[PDB]
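Okay, here we've got a single chain as structure tokens, the form deposited in one PDB entry, with questions on binding and movement later.
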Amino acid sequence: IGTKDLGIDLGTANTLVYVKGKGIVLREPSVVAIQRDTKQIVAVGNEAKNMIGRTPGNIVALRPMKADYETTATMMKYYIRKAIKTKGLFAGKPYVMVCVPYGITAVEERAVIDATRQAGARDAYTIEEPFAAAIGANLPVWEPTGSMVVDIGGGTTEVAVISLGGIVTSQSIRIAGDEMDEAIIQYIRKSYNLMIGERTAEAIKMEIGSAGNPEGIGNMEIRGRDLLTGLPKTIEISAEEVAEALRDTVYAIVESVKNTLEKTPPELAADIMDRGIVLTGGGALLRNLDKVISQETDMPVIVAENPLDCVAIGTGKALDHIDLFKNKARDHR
């Protein structure tokens, strides 16, 4: 009982490790450096970032979280080892709670667990990302009343209705932050014959992006490739245009919220109408998305406190409930 148990959120962009009794102790990019020819991972996280910055050549920089067995095991080994400052004398390895995407299958869950134990966990358990998000957002997930979370990440939006320590109904769509970026890229290509890159698209979304009602958000000067001449060009784009670019993405997200509500038992949907829907993840920060989802569902919608950290916090808080997740894993044997 001397080694502190761990919760790990291996996110698409950032990895966060929660240590029982200590909180978030590790905040590192979900990045790996591999040897360009032998495809071997030579650094992880901040160490990969530092090595990339020293440009030693013969290295390739990768974001492997969108994982295969050996990459998970290698990344887990690094993060577990780095987060644990001291070991127990009689049991030097932690129990580890691993955040996994919604809809993970049984065989996949056993593979994640195996990779985590290979990485040095005494034993390992999994928790679905929207359930971790609801726990970390402080929703009353253990009570017999309905709670709703909408976790908008990079590659997926997950919607879940929670009650009594479990997901009652849920939906996941592959429409999130990455797809907002792509919609912006495609709108600018079609409207201005201009090809922008990923950095500029993300910057546009962050600086003047919104889900609707973009009054006073402002305009931005952007640079990219004139598709006629192939030379770089600068134009000014408006928050109004960006809002129109993001419309189909936003309403796909709204549709997934509605579709989940439609599959939801009436009394749980009634509870949510009363307490409100909570948005988590980086995509929850899209200006006015809460207002748009609220307007389209006639339900209260709030952005969670600490929306970027909710999943990792909930993965750590799940350590006070290991019996539940123990039982969940034995279901998926």
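For every residue, the number given is its place in the sequence shown, counted from 1. Just so we're on the same page, rigid core means the largest C-alpha set that superposes within 1.5 Å between forms.
The form deposited in another entry exists for this protein as well; it is not shown, and the discussion that follows is about that form.
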Report the residue, chosen from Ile188, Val161, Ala115, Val98, for which the CA moves 2 Å or more between this form and the one not shown after the rigid core is overlaid. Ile188
Can a Cα shift of no less than 2 Å be assigned to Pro300 between this form and the one not shown, given superposition on the rigid core? no
Look at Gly218 and decide if its Cα position differs by 2 Å or more between this form and the one not shown after superposing on the rigid core. no
Core aligned, does the CA of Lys87 move at least 2 Å between this form and the one not shown? yes
